[PDB]
Structure formats: C-alpha cells, structure tokens
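Before any comments, here is the structure.
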Amino acid sequence: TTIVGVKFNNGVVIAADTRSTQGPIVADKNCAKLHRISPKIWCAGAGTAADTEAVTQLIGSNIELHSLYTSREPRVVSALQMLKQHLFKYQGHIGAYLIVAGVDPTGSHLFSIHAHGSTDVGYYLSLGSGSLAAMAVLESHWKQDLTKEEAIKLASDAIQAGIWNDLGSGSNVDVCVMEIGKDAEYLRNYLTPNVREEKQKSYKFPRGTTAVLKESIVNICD
Amino acid sequence: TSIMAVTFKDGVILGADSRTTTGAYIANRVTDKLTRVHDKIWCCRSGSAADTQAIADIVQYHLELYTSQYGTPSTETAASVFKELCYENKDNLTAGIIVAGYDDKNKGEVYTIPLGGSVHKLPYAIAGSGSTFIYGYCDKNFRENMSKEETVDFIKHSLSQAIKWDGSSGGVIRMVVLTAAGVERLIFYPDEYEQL
Amino acid sequence: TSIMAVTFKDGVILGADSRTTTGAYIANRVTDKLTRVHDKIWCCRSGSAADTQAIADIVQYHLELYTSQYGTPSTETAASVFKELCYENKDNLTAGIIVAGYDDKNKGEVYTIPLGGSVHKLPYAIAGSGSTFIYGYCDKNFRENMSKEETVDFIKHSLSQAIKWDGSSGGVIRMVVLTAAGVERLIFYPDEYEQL
Amino acid sequence: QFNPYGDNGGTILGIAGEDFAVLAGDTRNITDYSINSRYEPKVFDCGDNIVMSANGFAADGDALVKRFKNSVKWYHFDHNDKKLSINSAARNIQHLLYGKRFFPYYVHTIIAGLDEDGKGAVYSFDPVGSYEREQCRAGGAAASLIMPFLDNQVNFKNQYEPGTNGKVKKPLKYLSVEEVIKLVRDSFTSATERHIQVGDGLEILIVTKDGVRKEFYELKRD
Amino acid sequence: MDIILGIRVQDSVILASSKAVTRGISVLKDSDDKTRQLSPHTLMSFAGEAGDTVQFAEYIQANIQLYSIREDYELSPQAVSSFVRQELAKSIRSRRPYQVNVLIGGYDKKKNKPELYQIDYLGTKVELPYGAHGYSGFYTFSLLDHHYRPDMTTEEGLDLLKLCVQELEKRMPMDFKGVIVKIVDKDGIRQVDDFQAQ
Amino acid sequence: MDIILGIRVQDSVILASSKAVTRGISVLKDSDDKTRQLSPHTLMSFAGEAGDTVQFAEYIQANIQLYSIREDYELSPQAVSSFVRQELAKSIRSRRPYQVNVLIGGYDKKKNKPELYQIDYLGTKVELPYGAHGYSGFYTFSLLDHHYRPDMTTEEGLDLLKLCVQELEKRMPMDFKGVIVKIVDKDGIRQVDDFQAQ
Amino acid sequence: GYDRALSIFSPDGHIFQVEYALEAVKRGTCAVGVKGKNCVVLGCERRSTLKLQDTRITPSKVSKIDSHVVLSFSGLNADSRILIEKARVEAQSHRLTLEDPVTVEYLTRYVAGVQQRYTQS
Amino acid sequence: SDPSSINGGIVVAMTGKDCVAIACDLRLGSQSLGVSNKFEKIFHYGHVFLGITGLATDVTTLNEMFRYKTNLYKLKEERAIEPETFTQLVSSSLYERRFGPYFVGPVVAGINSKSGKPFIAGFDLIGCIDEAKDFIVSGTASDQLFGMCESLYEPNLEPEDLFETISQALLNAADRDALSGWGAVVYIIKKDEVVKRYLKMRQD
Amino acid sequence: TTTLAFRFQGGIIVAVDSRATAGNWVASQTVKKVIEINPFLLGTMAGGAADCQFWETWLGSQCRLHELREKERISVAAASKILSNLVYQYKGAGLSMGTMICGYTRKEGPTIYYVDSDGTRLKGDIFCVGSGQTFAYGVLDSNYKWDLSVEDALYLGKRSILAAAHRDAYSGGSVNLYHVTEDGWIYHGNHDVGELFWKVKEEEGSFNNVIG
Amino acid sequence: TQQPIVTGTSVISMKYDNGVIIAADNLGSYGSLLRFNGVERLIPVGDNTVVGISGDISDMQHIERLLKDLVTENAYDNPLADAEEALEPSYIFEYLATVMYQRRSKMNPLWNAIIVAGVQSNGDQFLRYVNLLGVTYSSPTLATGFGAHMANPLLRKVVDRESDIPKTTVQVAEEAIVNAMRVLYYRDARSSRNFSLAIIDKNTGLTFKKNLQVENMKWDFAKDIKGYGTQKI
C-alpha cells in the first residue's frame, strides 16, 4: 500500500494505490483505500484492510451523529482525536495506519495516525509499504504554496513511485481533493497505468467439454 | 530523542530535537516534542510517541478541569498528575517526561519523570536517547540563574551535541521560553547549530 | 571503564580510571588499565580483563620478536597486530582497545580498535562504558596540538566526568605521557578530580 | 542468527513440442518487497542444445547452472566433444543436487532440449534431485498458478469430446511453436496479475535441431 | 484412541465401541460400554478425554430426556444430532472445550429410515453410510468403501463389522479388548451380546 | 516396548520375546524373532531402537563366532556377557550410542549350570533368576517373586512363563502378538514351537 | 612412515622378493590336498629337527577359516597366522553382509588378494 | 495446526452475461484422511448465494447464522435480502469476531432482483470485502484457482459458456491440491432460473 | 504414497501409486515408484522422492557390481541388506524412505524385504508402505488368500492401491502393477485412477458412497 | 555466524551515457551511536573501477586489503599490468562475488552489501551488486540498504530502462545522485551529511570527489509545525 497526503495553497489532497495482498498474492487489484469520514473529511488507510475499514466507519458514524447533535460541520481534529483514542485503547492490536485530511470551519488539515495511537501533522505525508518510495518523491518535489493542480501531480507521482517500486503496491491511483470553499472531489481511479494487455488467445471452451453427472433446477421462490 | 528543560533567572526554557523514528527510518523529521498542558506549564516528551501523547492529552484535560474548579494549577501539581499516570501504569508505558513551568512566586521549575514513575525536581534535566552523550557537557556548563541568552545558548549547544552523536535525534532544535513576559517559541536550523 | 588517548604537540597521553567490576562489586579499585607493549607504544584496555590481558600479552610477545629481527616497530604496526588478533577472533573476544605510541617522525599517534575488530586512526579517542557520557564534552573541548599541560587537563576533566556518571568507572585516574623525553606515569586522586 | 538462504522470486516454465521445446522465465529479481532488477536473465544456453534454469535463491541457482555448464565442458574434454544427451544431463544434475542433500540448493530447476530421437523434451527437478521427464512444467513463485493452466491447455486434462456424454477424452493432438508461445505469454501475464514477485519481462528460449533462439516480451512493472 | 465405529444398513444403524479402558501402563477395565441412549430410538457412542467423555454424553442425555418429557415426543435423529453439534461448537471456543468425538445412530420413526451422524469435538457434523473416530477410520473406511452396499440386511451389516473388527485386531497397535455392538432400528436399541465369537 | 523375558530354572534358561513389530499406526509383522545365537550354548534376546537392535546383536554374534573359530573353544556365558557389557559401556559415551537392551541366556558347560544376564544400553549388567526389559518387568518381577523356585524343572519354568505372558496379555496396553520361547541347556538351544497354546 | 619399495622389477622382469618368497615355501614342511567325489582331504608333514614338543598345544597345520572351510600352508609359520586371521575375520564379515557363508573360491580370492597387495605396497 | 487446512475445500464464483456462477468441491477431510464426499459448501438465502471454505464447523455455523439473520430480515423488511446488502451483513458479522475469527473464506454470488445486475464478492476471515467484476476464488487451492481464472476467463460469457469456464477452472485447480476435489457442484444463476450440476472428476 | 507387495501361490504381486506431493501441493501424478533393479529384482519407493530414487538407483549399481564380481545374480536378502546397511550409516541425518525389495531366486524363491530409513529390515509375505498403507491394508488384508489366481491377486493389489488413492489425500495418480515369477517380473500396466475408479465402481458396485 | 558491529549505511549508484556514478556517506555507525566520521566507503581499484561497500566496517577493511592485494598480485610477472592485462571491473566483481558466496556457504559471511562500478576496456559501463548471501544482479541503478528503498525510486525516474542510458548526461545523473543523498539524509537515521562521490567515465577516467556535503535542504516549514493535532501555539 502507498498512501500520501499533500497540502496546497487552498486545501489538501490525498492519494492511494489500489492493491490488496495476502502474502505474495494480490487479493484485490482495485480496492479503494480512500474512505469518507464526512462529506469533507477523507481518510487514506493502510495496514490491515478490515481494520482500516471498520475503524473508519465507526468514527465516521460517530462524526455524523456528533455533527447532527451540534448542528456544526465536522472538524478534522475531532476525527483525529476519536481515532487515536480508539486505536490507543487497543494497544495497537487494530492494525490501522491512516492519513486523515479535510477542510472544515477552521481551515484545511493534514494528519497521520499510527496503529498505536500517535498522530503527526505536516504538509506532506506517506504511509504503507510504499511509504519510502513515495516520500522520496515528496522530499524531492514538495515546495510551500502549491496549486491544486501541482499538489495533485505531486501526490499522484508519489503514489506511482510506490506502485512501480513496491511489491506491496500497484495498479491504479485514487485521489480526493478537498478545497477550502468547495465540495470535496473524489477521483476514483484517477490513473489507470496498469491495464492488462490483450490476451494471446481466447480459452472459451466448446460446449460439452465438461463431464456432468447429474442436473436439476433450484427453487428460489418461497 | 534529545530533550531538556533549564531554569534560569527569568523563568525556564524547554528544548528538543524534532526526530521520530520507527527503527532507522525517520517517520517525522519536524516533530514538535514540546507540548502545552497549561498556559505556563509545558512538557518535553520522550519514549513512545503514542504513550506520551496519550498521557499529555489526559494531563491537559485534568488541568483544564482543575482550573475550572480551583483556579490556576501550580507546576508541581502538573508534575504530580503526570507522575500519577506514569507510576500507576508503569507496566504499560514507555514515557520519559520533563515537566517545566513558570510561576510568579517560584519563577522557573523543572520536574523530571523517568521510566519508573518517580519524580525529581531539579535546576535542569536532560532526557531521551540523546541525553546520555551530554551528561558531562551539561554538568560542566550549567550554572544557576543564567540569563535568557546564556540559557538559549546552553540548550542550543547541548542539544546540537546530542543530535550529533545520537541517530535517534536530529532535525531542527525547538525551544519554548516561559517567563512572566509570556510564551516564546524558538526554532534553530541545522546550518546554524551543526557548526557550533 | 573509562579510557582515552590524546595526541598533542609533543606526543601523546593515555588515560584511564582504575575500576574493575564483577557485577556491582568492585573486584579491584586500583587497576592499571594502561599497558605497555613496547618502549613507546602503549594501549588502554576496556571490556574483558581476561581477554584484553591475553591479547596485550601476545602483542607484546610479537613486538619483542619483531624488534629482535627488524628493529623498532611503528605504532601503526602495533595497532595492526592488535587488530589482527581482535578481528580474527571477534567471536570469542570482548576487547575495546586504544593503541597509542610516540614516534620521532610521526610524533603522537592514536588507533582505536572497537569490538568488531576494525581499526581507526584518530587525533584522540575515547572508549569504555564511561565514554558515552563524555562524547559531547570531548568533542567540544578537544583541540589539536595542545600542550602537555592542556592535554593532561583535558584528560583529567573528561575522565572525571566519565567516572562521575558511570558506575563501572572510578578510583584514581592514571595517565602515561609519551614524548621524545621518555615515559612519564601520572596518577590523580578522587579528592583532586572530583571537584573539577 | 545467520540465515544462509534468501528468496529472489521469479517463475519459470517449460513446454515440449514435437520437434522443439521452450524454457521461459520472467526477468524480475526481488528481495522482500523491493525489486533488485527488472532484467536479470534466468534461463541459460548451456550448450549441446540444452537450456536450463534453477529458480529460487539466485545465489544457489547460479552456482548450479555454473557447475552444470562446467560438467558439460569436461564431458567434451573427456569424451572427444561428444554431445551430452538431455537424459544424461538430467542424471548429472540429479547428482549435483543430491550431492548437497544435507545443505540443499534452494532451487526448483528445469531443463529443455531434444531427446535422441529429435523430439522435444522437458525435465524438472526437486531441490534435492528428484526428476521426471514431462511435456510441460512450471517452477518458481507462480508455479501453483501456472501448472493447473498447463495441465488443462497442454495435456487437455478434464476435457472431453462434446456430446459424447463425457465418455470420450479430448485427443492429445500436439502443439506448434506458435501455439506454445501463446500459452507461455498468457501464462505469464496471468501470473503477473496475481503474484507480486512476477513481472517486468518475459524471456523465452526456443530449442530446435538448428539450435537455441530467444524471444523477449515486456510484462507489467507494478 | 478407542474404537468407535458406526454403519448404517437398510433398516438400522449398528454401533461398535471398544471395551478397553487403559491408563498409562495398565488396562483397568475390559468391559467398558462407551455409549448413552439419548431416547428410545437414538444411541450415541463417544471417545476422547478422560473426564469430558461421560460428562458430555450424560449432559446431553439429560437434555434430550428433558425434551422428551416436556414435549411427550421423541426428537428426530437429525434434530438430536443438530443439538449435539451446537453444544460442541459452543464448547470449542469456551474456556475449557469438551474433547469428545461421537457417533449418533438413530432410527427416524417418521421417515422410517436409519441415520448415522459423525461429529467431532470441533462441531464438525456429517451424515454417512459408515463412520469412525480416531485411528480406526484409517483401516475401516477403505474396507467399507469396498465391501459396503446400501440395501444390506442387519445381519449383513454385523458381518461387515466383524470384518472391520478383525482388520483392527490384526493391524492396530493397541489391544482394545474387543467391542460391544448395538443395533438401532424401528423397535429401539438392543445389544448383540454374542459378538465375542459371532 | 517389546517384551523381553528371561527365567533361569534348575538346569536351563528360558527366554521369551514378543513377536510384534509395530511402526506407528501399523503392526508390520507378527512373527519376528528378537534373538541371535552367539554360540551353541549362549542365546541373546534384544529390544530397543529400530536399527541399533539388530546391528548390535549381529555385530556381537560375529565377534563371538570369530572368537570360537580362532580359539576352537566356546567362551563361558559369564565371559560373553562381560564382552557385551563392555561394548555397550563404550557405546553409551560414543557419538551415537546403541539404544539396545538385552538378556543373555547361556548354559555353562564347565560349571554345568544355566545363567541369565540382564544388560541395558548403559552397560548395566546383573545376573538374576529372572529378568525383563521394558514395561514387562513392572508386572513380571512381583509375579515371579511369588511363584518362583530355584530347583524348578524346565517344564515348571515354561508354566511360570505362561503365567507371565497371560498377565501381560491381560494388563499391558499394546498387542505384542504373543511370544517365541527358547530353551538353553546342556544340549544347546531349541525353540518351543508350541506355546501359542501350551 | 616407512614406505620403501621392497618388491620391484629387475632387468629380466622378475620381482625377486616375491620369488625368494617362494623359496621360503619350498623350504617349508610338505602339504597336500586331494579331492574325492564327496570330500576333500588335507595332509601335512611334521618336521623332526627337534622332537620333545607337546603336540597338544603346539599349533597345528590345518586351520579352520569357518566351519565348512579349512586352510593349510607351507612356508613361514609366523606369516601364515596373519593370513589365517584375516581370512577368518572376512568369513564372519561376509556372513554378516551377504547373510550367507563364503564360498571356497571367494575365500580363496580374498586370501590371494591380500598376498598380491603385499607384493606392490 | 492451521485451521484453514484441516478440512480442505474450494469455492469459486464468476460473472457472465446477465448471469453469475458459483461452484465448490465436495471434499471434507481431516488432514490426509478423506471423510465425506458429499460436503457441499454453497448455500442460499432467497436468491442470494453463499459459498464458504475453511473449517467445516465454522462453515456450518455461519450458514445457520445467515439463515437465521436473513429470515428475520425478510420478516421485518418484507422482502428478500439483496446481494449487496447481504455482503455488508456478512462483513460486519465476521468483523464482530475480529479477535477470535471464524476460519472461513466466504463468497457471495447473485443477481440484484431490482437492477438485474450480477454480483459477486469475496471476504478475508475478518470481513474485508473484495467486490470483483469478474471472479472470486477461495480455499486451500486458491492459488491454483487464481491461475485458472486469470487465464480462462473473459467478460460476458453466455450461461452455457460460463458453465464450461468456471468448471474447468475449478476442476484443474482441485487436481493440483491434495485437500480439494472428491466431487464438485456448479450453479448457473439467471434472473429467472437456477441450474445445479454435479461434475465428474478424479476421485484420488 | 501407497505401495504394497504380497506373496501368494503364483509368486508376488507389486502395486504402487504415482503421486508426489510437497505439502498440500500435488507435485506430480506421474512418478515411477517401482525400480526394475534387474530382470528379477524390484524396488518400491515411499517417503522422500530424491532419497528413495537416488539410493535405490545406487543400489542397482551395487547389485550389478556384485554380479560382475561373483559371476552370479545377487540374492534378494543381500540386496536388501546393502540398502539397509547404507541407510543405517546415515541414521540420524534425516533420510526418509520406506522401501520394499522384492525378487525371485532359485535359492530363496519369491521373497520380500521391507526396509526403512530407521534401519528396520524385515522379511514378510505382506507389506503396505506409505502415507496410504492403512487404506491398502484394509482392502488387501480382508481378501488375501495364499490361493489367489495370478489374475485375482493382480486385481486385489490394483484394487488395494485404488482404495488408498481414494481415501489418502497424499496418494493417487495411476496404478503400476507387477507380477514376479521365477522368470523375472512381468509388467502389468499403468492404470490411471481417473478412469479406473469409475470403471471399478460400475463393474464392482463398490465405492457406493461417492455419487456418480 | 556473526553480527555487524560498526556499520556503513547506503551505497547508491547509476549509469549514464559515458559511465557510472557511485556514492556513499562517510559514517561508521555503532548501533545508534554515530561513532566515526572519516570513513571512506568507496574503494578505487586501478582507475577504471570503484567498489562501494556497506555493512560491517571491520569486514569492509578486510575486503579493502583483498582488493589491494589483487592489484599487487595482478602485476606479478605481468608486463601488460597497466595495459591489456590490467584489472577489469568485471574481474574484480567475479572475484568478490566468489569470495562472498564461499563465505556464506561456510556459515561465516562477510557482513556487507557491495556494488562494483566501473568501465570495461571496450568502454562498456559496469555496474553489479553482491551481498553477504552471495546474491548478484545488475540494473541501470543499484543501491544497498536504505538506498534500495529510497534512492532507486528516484534514480529509476532518470534511467527507467536500457534505452534511457544513452540519453542521460553526467550532469543529469550526478544531480540525481546528489539529490538522492540529500533525501537519505532526511529519512535515514544512520546517515551523515558528508559523503564521497566517484565518476568513472570512458573519456575522462576516474573522478573521485571527497568531502561533499548535503546542501539546499528545506527546513523552514518546520517553524509552522506545532503540536501533534490540536495544540495551537
């Protein structure tokens, strides 16, 4: 997994690859590592798939309830605090590593959370096995005051660094843009640089090839 | 990590490097290890980022509630809440914390809370993996009631040496000055302190 | 153990504490860790007393035979015999050794041979459990080509700090001066260096 | 403690035709989650129309190929340049491998060539020497992905004549080099899709009475 | 382990269970009956850990009898086996799991057909023409895979068992001291007291 | 383990050794003879590790026969047992020790008296009226401690064994597949081919 | 350490030490063997250079290698002991590995090899 | 040791033109000992199908659990559950046991009765959802299945063709696995009808 | 793996399967588990593939050398003891092999020796070796008579290996049959279980469980 | 079997149109103590080869001697020692590869990762790697340890495939490598600011640059970073 976060002049953008693995086997060639905690608070998750998903939905659900109760837009710090305290309560047993970003009444925010519960703040961040490939790009091309377009390119380039150099990463690049005054824009499969080439032959079998022993209809209607 | 707190004529100054590692990888090169638990009571964190963050967050909550009920808490009281948390949970924490605060009557105060959970009030204290390398330097260069400038220099020199020898320390040097005048944040860069 | 060797204008000076422990017990409080392997080539021993003694004894034997056959050996050559022994037997030795010698053409030379068995020629070197505490102090107070007096003071100060913080170091501070003038043994007592 | 073994990934495959044989392998060489090289040949021409590849721990793999080639060299000296038959090479390789029975070469090896009747031949081995001659065989990291496919498309396993009520097995017609190359390419693009240690490039060595020819195809680099 | 065999023929289920009870170096008993009747047409055999074995069998017997009294009806063998699987499945994830394997042989008076269920301590349940727990299965499954027919008579079944028991007395390591055979059919449960030479 | 019994009566030594050879889950043979004749009046029985057992027995046989040819004489049973103890004692401190226990039954033609020696893989040697290796000893020692007399006849001895074998077939865990009995006396060594029902 | 080549070829192609070895045999007491149709007999002569020996204990001339094979000889007595011991040892080993006693031709081939080996070592 | 390799077995699902197929082997063994050749791993609640590989006891339990839940769902919702919804139910049910999970590898297949859209999904033992548009594999021969599927497969196969393809993937995969095989069943699902077929395969 | 060999009125029957595995991975269904040491000697293989296959090939070499040396065919007893002693020199090193040396000699007649890497060497009339042995024993034991016709003994053996191929996850592939008489061994074919099972099921009416 | 004591971190390298470049910092670590600073980890053999070494320093020093002995040995009875029969980069590598694999095979490895960079006599660029296990490989870029994870991703952007080599100039390449060294100084806690860099060009020969320093670092944004989430001052 390669996920990153990058702040630009008027917002924050996050990206991620789309590979899932079980040992050396690709479990899912196109899963979505970008989760919505609230309309304008998005989260990029790495680590144990089910854990990032579950913790992301739980806090998202509580954020919605809190929002409704306070009649206020959710704040990125609230998600950050609820997540970290949860992860800490579990002494790192919940294998979630996340980059949480978003825009709220107080501005744009970029944070990261580790399985044990520590959080960090920055203008650019990366997590996952592709963490280093991505960070090398970020450490090489990030500058203060980037435009929405520059940020997307940088983030997207960082993800590619992981897709190409990290066996734990690959496939596509997902992105989500959160700009201070607009709706967040989720760009699922913003990049698809790994389309499988046309197969050499069709393996469609001639009907009757398979030996059947018995047959029957199944009742679905009650 | 390299952290320290020094009392001087006008109050106290906290200092720290900005490196957080996961093995030999620098997870963060611009970490802020100087954390505020009250207007004029801060702390330097070392050990587990997750553990010290969780403890500081709780101490801050306790002091906020304390203030709501009985007014401003002393630096001693803050060092006591930290200590209570660290001692009572010693089996599940890895937090080496330095507590520093400025008081009008006591001026500057420093309390170090090492791994076991004991408390130690001192003129200054050093901690973190980088501290070992500057025990002699600091013991030979510390003086009581130095001036703000002499103290900033002592901390800048001490920590540059700690950063020099400890791979777990590095990045920029951060400082927080606490006096009757208020709260001043200081930052020093490699180009400046490396050549001291 | 706290040991160091420093080159200066007229040659080189070796220094060491005098404590040998077996756990927290001081088996010997007046140990002589400064060992002679040749007229003007000495070494500072740290680590296993048994291992460093056995190695020094063998190096001395090799240099004596060398001298019988090809005249006076260089300090480099002595540092090479130590290194050969330490590297080739790295799996069964715990010897951190500093080699120092005075030569008429090279003046003073210092070679440090850490645990792995590598060799490092430096202006000065520190070693032993107590060395960690004076990395910053020594880096901030060493200067090349100091005078005999300035060097004796540097070593006296550095080692008193090492002895102060390291429980494995202590007793008296011993020094050996190596110059064209000969070999001078120096000894300093607690009452003198503790209050430096 | 010191572990004298490593795993460099990759995968190989050998198909035997009526008057030819092929031995292919990807060209990716890895260590954990990093790529050491996108192009490090793994299949070799050992002379006498014999191609070989010992896949697994690359250091061991190279030592084996090197020791075998040296055996060929001496065979020529000792027996007046007499060509070494493939069945003979196989018996020799068994001794090379079983010779290290108590400190094995961590490799799965395959060799291809022509038998003494001009027919295509493929031999594969155990890390300790057990070998068999077959019509096809996949080895290495994605072996478990490819072999089943080969069992089906090269030996028509579980395939019957339509309409004959699964009573008549699909005849064993034989594959042409063109059809064999298609399977090899489809075998690898498939392995490349689900196995993180397989990719970058595909190098195929074709053996006929006229000699050894090479073909190269790129593979996804993620 | 102990021998636990079960075979379902045309109109009945036959269970055979070793009579030995060995502890360490000594065979303490040679007439032990590893069985509990759960209801007039349902018999359960068992093998496993020293104490869990009986505690579990009796605990289930108590529950099935309780159900019988309360409902004045006899649960089908399928229903009983399901209750048993449930209990074991709970057990497997409890503090101290029951280490017991069982065979359930019953005659379903409503469908008028014999039934045999094999259930291990994990709560793995399967219905079969013949089953076994422990090492016996390693010799008896292929045997019956050869000599077994669906429409066999009870008498044929008993010969099929004799065949299994002989193979076991020939090849198995331990002296299981023979078996006790019981038949479950439309008329209930009875013991073939003459198998020590049938 | 396997059963290795020995009993010395008035004018002979009788050895009984189990016939089973079990490997894991299967009894592979039921007629195995765990014995080697070292000389016309000296018999050795053995039990222990799968390969060491025979390799050791045969190695010794070869040496005793060699001594016999070279000296054209038969070593006394006492001398043979001492040679055997020495060999095992060396073994115990070697790289890979022989894991074999043995009983040595011989008739000393010079003293005209039967002798029985018990020797374990450690080189522990003792002469006794009766002995056993393995678990058998746990049942047979007190048995013979009760039913044994010095002046008994060979026939009485065989009954004394039958008594031991029955106890073993009743209480021992494994099915050792009966025993093979052999008698050593002034006329040499012979096998009681009829004990499967004597 | 001693490895001088004592048996070597001379100009005419003879190995004198081997030949002189036969001379030692020629000087030895006579030995003969004749095979019947269902048996074989071996006879040896007894010297008389000194007579007052104890024929009970004095080593005989016909040795049993195994229970079905014997060996007699002519030449140096001390030398024969070595050959006989080796043959006996081999007889026991053969019984062990082949699970069958040696054939007379095999036992013979073994003894002959030992002698040959001592002509070029 | 490994709970997921005690009993053995495999399941695979494929999408086709307005149809979905799900198949499984029939083996149920204990280590090397094959015990039952009639242990089906596919189940269904209404028009939604669920295949489950892994520890047999957990396979049975999850089935009984989902029947229980889908029945109440129908009583309260007054309509049968859909594939997409069921997938979520399966996912949360599994994660509810995050630290003492059921050792299974669930696979959901079906046609959304409202959209007519074909649906298949896979899960890891603690609930991670994998929603593929082409195929989903699971079991002790999952590697072999990934190889067969990635090769044999192609989009929009007709029900008659999809049957051939999903059967060849299953059969050849099981034959390279000592713990899978011993028979197999395949389901071809269309909006209006569902056909079940028992395949003929090696019995070793 | 499943291998068996039994002695009867018509000589000896030898049957083996042809499956090779590495963990749960079926490495092959075409392994030759019988080695024709020579026109009158056979060797069966169970356990470690390379171990059996390498050491038995070596055995064949030692056997041939014996004949060149003694101008006579090696005995079954002695051939089995060569492998036995070799393997014993390696005791503790981890060799893995359950083997059967089967042959005929005018002097011994039909003979069978079981030899494993443990050092165990046994002569017998019946032996089943391998992860499938018990399954073979179950069928073989209950239908064995010293009086089977060469044709019936051949089937019993074949059927016995079929039984193991079916019940043992680690056995399968095809069956390889041999008959040993004083004129050496007679090969009796390779029977792929893929068709043998169904054929036997229908014709014999056994394997009643599996549905077809 | 051993365990590294004093260690050198990454060694990075890449090839351009006319040669290869290789670099490594001058630090000799001792656990987390950045103990020694004047450690040259780039060893030139002749003037057509540079061997970069990471891992155990005492072992590195041993390999240094082996390399120098090789140069001495090759000159023995060799009239063409500095001509046709001079040491080729490829010879030096095979030797080292041989030694490395033999040592791991005797279970007493030289605890290092090595990269041999140079130019063959026919002008061809030479770049190959070998580690303590005896594994070897080539690629347009090669790096050991931390550099494999962070340097390669960067360097590969310049030379992603063989056809990129001829299009890459020394300037571009040296810049890519100098930048990678800065990045490694940012995230590798066992690195140093000082390093050596060497160029082996088929026309200009060997250029060995010592005492370089990482410059042009970005740290200013650090002042804007306060707290770890909610802290405002």
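Ligands are numbered from 1 in the order shown, chains are lettered A, B, ... in the order of the structure tokens, and residues start at 1 in each chain.
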
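Residues of chain D lying within 7 Å of chain I, counting only C-alpha atoms, are residues 128, 129 and 130 of chain D.
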
Store the residues picked out above in a file with N, CA, C and O atoms, as a compact mmCIF listing (two decimals), in the first residue's frame.
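Writing done, so here's part_33.txt:
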```txt
# COMPACT_ATOMS: atom_id res chain seq x y z
N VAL D 128 16.27 -31.34 -4.09
CA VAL D 128 17.28 -32.33 -3.79
C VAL D 128 17.52 -33.39 -4.86
O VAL D 128 18.09 -34.44 -4.58
N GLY D 129 17.07 -33.13 -6.09
CA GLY D 129 17.35 -34.09 -7.14
C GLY D 129 16.28 -34.98 -7.74
O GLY D 129 16.52 -35.59 -8.78
N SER D 130 15.11 -35.11 -7.14
CA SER D 130 14.11 -35.98 -7.75
C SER D 130 13.65 -35.36 -9.09
O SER D 130 13.21 -34.22 -9.13
```

Chain D residues near chain H (8 Å cut-off, only C-alpha atoms) as JSON, numbers by chain: {"D": [144, 145, 146, 147, 148, 149, 151, 152, 157, 158, 186, 187, 190, 191, 193, 194]}

Point-to-point distance in Å for CA of residue 109 (chain H) and CA of residue 63 (chain H): 14.6 Å

Per-residue DSSP, region 118-174 of chain B, filtered to helix (DSSP H, G or I), as a count of residues only: 29

For region 140-147 of chain A: contacts at 9 Å, only C-alpha atoms, fewer than 3 positions along chain excluded, given as JSON, numbers by chain: {"A": [6, 7, 8, 9, 10, 123, 124, 135, 136, 137, 150, 151, 152, 154], "J": [154, 179, 180, 182, 183, 218, 221]}

Spatial neighbours of residue 139 (chain D), max dist 8 Å, only C-alpha atoms, sep filter under 6 positions, as a list in words: residues 11, 12, 13, 55, 108, 109 and 110 of chain D

Residues of region 5-150 of chain A in strand (DSSP E), written as number ranges by chain: A: 5-8, 11-16, 20-22, 25-28, 34-38, 41-47, 96-104, 107-113, 119-121, 124-127

Two-atom distance - CA of residue 117 (chain E), CA of residue 93 (chain H) (Å): 28.7 Å

Separation of CA of residue 58 (chain A) from CA of residue 71 (chain H), in Å and rounded to one decimal: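 Rounded to one decimal, the two atoms are 26.5 Å apart.
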
Please identify every residue of chain A that has at least one atom no farther than 8 Å from an atom of chain H, counting only C-alpha atoms, and for each give the shortest atom pair and the distance in Å to one decimal, arranged by chain then increasing number, as a Markdown table.
```
| residue | atom | partner | partner_atom | distance |
| --- | --- | --- | --- | --- |
| A:25 | CA | H:143 | CA | 7.9 |
| A:27 | CA | H:130 | CA | 7.8 |
| A:28 | CA | H:130 | CA | 6.3 |
| A:31 | CA | H:130 | CA | 7.2 |
| A:49 | CA | H:128 | CA | 6.1 |
| A:50 | CA | H:128 | CA | 4.6 |
| A:53 | CA | H:128 | CA | 7.9 |
| A:54 | CA | H:95 | CA | 8.0 |
| A:202 | CA | H:152 | CA | 7.6 |
| A:203 | CA | H:152 | CA | 5.2 |
| A:204 | CA | H:165 | CA | 6.8 |
| A:205 | CA | H:164 | CA | 6.2 |
| A:206 | CA | H:161 | CA | 7.8 |
| A:207 | CA | H:161 | CA | 6.5 |
| A:208 | CA | H:164 | CA | 7.7 |
| A:209 | CA | H:164 | CA | 6.8 |
| A:210 | CA | H:164 | CA | 6.1 |
| A:211 | CA | H:200 | CA | 5.4 |
| A:212 | CA | H:199 | CA | 4.5 |
| A:213 | CA | H:198 | CA | 5.3 |
| A:214 | CA | H:198 | CA | 5.3 |
| A:215 | CA | H:197 | CA | 4.6 |
| A:216 | CA | H:196 | CA | 5.4 |
| A:217 | CA | H:195 | CA | 4.7 |
| A:218 | CA | H:194 | CA | 5.3 |
| A:219 | CA | H:194 | CA | 7.6 |
| A:220 | CA | H:46 | CA | 5.7 |
| A:221 | CA | H:46 | CA | 7.2 |
| A:222 | CA | H:46 | CA | 7.8 |
```

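All chain J residues having an atom within 8 Å of chain C, based on only C-alpha atoms, amount to residues 2, 4, 5, 6, 57, 58, 59 and 61 of chain J.
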
Using only C-alpha atoms, what does the table of chain E residues within 10 Å of chain H look like, with each row giving the shortest atom pair and its distance in Å to one decimal, sorted by chain and ascending number, as CSV?
```
residue,atom,partner,partner_atom,distance
E:85,CA,H:57,CA,8.6
E:86,CA,H:61,CA,8.4
E:88,CA,H:57,CA,9.6
E:89,CA,H:57,CA,7.0
E:92,CA,H:57,CA,9.7
E:93,CA,H:100,CA,8.6
E:118,CA,H:35,CA,9.8
E:119,CA,H:57,CA,9.6
E:120,CA,H:57,CA,9.2
E:121,CA,H:57,CA,9.6
E:122,CA,H:57,CA,6.2
E:123,CA,H:57,CA,5.2
E:124,CA,H:57,CA,4.6
E:125,CA,H:57,CA,7.3
E:126,CA,H:36,CA,7.3
E:127,CA,H:36,CA,8.4
E:128,CA,H:36,CA,7.5
E:130,CA,H:35,CA,10.0
E:131,CA,H:35,CA,8.2
E:132,CA,H:35,CA,9.3
E:135,CA,H:33,CA,9.9
E:137,CA,H:33,CA,8.2
E:138,CA,H:33,CA,7.2
E:141,CA,H:35,CA,8.2
```
